[PDB]
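Below is one structure, written out as structure tokens, with a few remarks after it.
All residue numbers refer to positions in the sequence shown, counting from 1. Just the heavy atoms: all of them, side chains too, but no hydrogens, waters or symmetry mates, feed the values below. Each ligand, and each atom within it, is numbered from 1 in the order the structure gives.
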Amino acid sequence: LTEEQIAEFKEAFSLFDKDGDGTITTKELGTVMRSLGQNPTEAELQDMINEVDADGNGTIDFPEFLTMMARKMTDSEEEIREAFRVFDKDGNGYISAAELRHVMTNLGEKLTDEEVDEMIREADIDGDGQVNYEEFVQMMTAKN
Ligand SMILES: COc1ccc(S(=O)(=O)N(CCO)c2ccccc2CN(C)C/C=C/c2ccc(Cl)cc2)cc1
Ligand SMILES: [Ca+2]
Ligand SMILES: [Ca+2]
Ligand SMILES: [Ca+2]
Ligand SMILES: [Ca+2]
């Protein structure tokens, strides 16, 4: 993995690790999931951790987070369409910088307006300034 790839994998880890202690717990995962419109049970949350908890300490650290990421990037298209609907709040089929800003805000992240534009620009393929589903699939999965 390149160094750019790595510092971004470290930013994703920070969204889930709210308290910043280097571990992702079931309570931190349930907080993120609910901020994304989901509602996992206590058992579903433990299962998410158990699938990648190699050392058996009940939490997810950075190596196990990178293993979880490599798995999700399965062929469960519904998981991707569900995530798209969370960004696409007005449902018109295109994620705007404003809608994307709103999502990061509900995850409590402090971001600049340009930083949101950089995020759109990297997922944008046709150049229309927004992210449709096909571009979303390629951003979320190993497609292309
Ligand atoms: C239901 O399954 C999920 C769960 C969480 C997310 S996630 O998006 O929270 N996520 C970031 C934390 O790892 C993520 C998770 C897994 C894989 C990829 C990502 C996206 N990252 C790389 C940055 C993405 C940047 C980006 C840009 C442009 C647009 Cl329009 C939208 C997003 C997605 C689907
Ligand atoms: Ca933590
Ligand atoms: Ca662990
Ligand atoms: Ca939209
Ligand atoms: Ca686009």
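Heavy-atom proximity to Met119, at under 4.0 Å, picks out these atoms of ligand 1: 27 (C), 28 (C). Close contacts between ligand 1 and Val131 involve ligand atoms 30 (Cl) [criterion: under 4.0 Å to a heavy atom]. Of all atoms in ligand 1, numbered sequentially from 1 with element shown, those under 4.0 Å from a heavy atom of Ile95 are 30 (Cl). Every atom of ligand 1 is numbered from 1 in the order shown, and the set under 4.0 Å from a heavy atom of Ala123 is 28 (C). For ligand 1, the atoms sitting less than 4.0 Å from at least one non-hydrogen atom of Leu100 are 28 (C), 29 (C), 30 (Cl), 31 (C), numbered in the order shown with element in parentheses. Listed by number with element, the atoms of ligand 1 under 4.0 Å from a non-hydrogen atom of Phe87 are 8 (O), 31 (C).
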Check your understanding: How far apart are the C-alpha atoms of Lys89 and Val103, what are their side-chain angles, what is the distance that settles it, and do they pass the side chain to side chain contact (heavy atoms under 4.5 Å, CB included) test?
Key -> CA-CA 9 Å; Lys89 283 282 184 13; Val103 171; 3.9 Å; yes
query = Can you list the steps and then say if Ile24 with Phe13 is a side chain to side chain contact (heavy atoms under 4.5 Å, CB included)?
reply = CA-CA 8 Å; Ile24 298 164; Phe13 191 84; 3.5 Å; yes
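A heavy-atom distance below 4.5 Å is found between the side chains of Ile120 and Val131.
The local environment of OH in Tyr133 is crowded, with over 12 non-hydrogen atoms from other residues, nucleotides or ligands closer than 6.0 Å. Enclosure of atom CD in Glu8 is not indicated, since only 12 or fewer non-hydrogen atoms of other residues, nucleotides or ligands lie within 6.0 angstrom. With a 6.0 Å radius and a threshold of 12 heavy atoms from other residues, nucleotides or ligands, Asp90 has its CG atom above the threshold. By the neighbour-count criterion of 12 heavy atoms within 6.0 Å, atom CD of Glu4 is sparsely surrounded, having that number or fewer from other residues, nucleotides or ligands. Other residues, nucleotides and ligands contribute more than 12 heavy atoms inside 6.0 Å of the CD atom of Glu115.
Ion pairing between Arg121 and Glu114 holds under the 4.0 Å rule for side-chain N and carboxylate O. Note on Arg81 versus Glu78: no salt bridge recorded, every NZ/NE/NH1/NH2 to OD/OE distance being 4.0 Å or above.
Remark: side-chain polar atoms of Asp53 are paired, donor with acceptor, to backbone N or O of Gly58 under 3.5 angstrom. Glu51 places no side-chain N or O within 3.5 Å of a backbone atom of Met68 that could act as its donor or acceptor partner. A distance-only check finds no donor-acceptor pair linking the side chain of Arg101 to the backbone of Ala97 [under 3.5 Å].
A donor-acceptor contact closer than 3.5 angstrom links the side chains of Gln138 and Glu134. A donor atom on one side chain and an acceptor atom on the other are not found under 3.5 Å apart for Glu99 and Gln130.
Inside a 4.0 Å radius of atom 4 (C) of ligand 1 there is not any protein heavy atom. The protein reaches atom 13 (O) of ligand 1 closely, with a heavy atom under 4.0 angstrom from it. Under the 4.0 Å distance rule, the nearest protein heavy atom to atom 23 (C) of ligand 1 falls outside the cut-off. Checking atom 20 (C) of ligand 1 against the protein gives a heavy-atom contact under 4.0 Å. In this structure, atom 7 (S) of ligand 1 is not in close contact with the protein, since no protein heavy atom lies within 4.0 Å of it.
The heavy atom nearest to atom 17 (C) of ligand 1, out of those in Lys72, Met69, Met68, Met33, is found in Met69. Compare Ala83, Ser35, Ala12 by their heavy atoms: the one nearest to atom 34 (C) of ligand 1 is in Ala83. Closest heavy-atom approach to atom 26 (C) of ligand 1 within the set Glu78, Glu122, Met140: this belongs to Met140.
Rounded to 10°, the angle formed at the Ca ion (ligand 2) by OE1 of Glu28 and OD1 of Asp19 is 120°.
Residue contact annotation: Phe16 has a non-hydrogen atom under 4.0 Å from ligand 1.
Protein heavy atom nearest atom 11 (C) of ligand 1, with residue, atom name and distance: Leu15 CD1, 4.2 Å. Looking only at protein heavy atoms, the nearest one to atom 2 (O) of ligand 1 is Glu79 CG, 4.2 Å.
Between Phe65 and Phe16, the angle of the ring planes lies from 30° to 60°, which puts this pair in the tilted group.
The atom of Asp21 nearest to the Ca ion (ligand 2) is OD1, with the search restricted to N, O or S atoms. The Ca ion (ligand 2) is closest to atom OD1 of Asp17 (considering only N, O or S atoms).
Around the Ca ion (ligand 3), protein N, O or S atoms at less than 3.0 Å comprise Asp53 OD1, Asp55 OD1, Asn57 OD1, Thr59 O, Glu64 OE1, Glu64 OE2.
Heavy atoms of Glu82 found under 4.0 angstrom from ligand 1: none, in either backbone or side chain.
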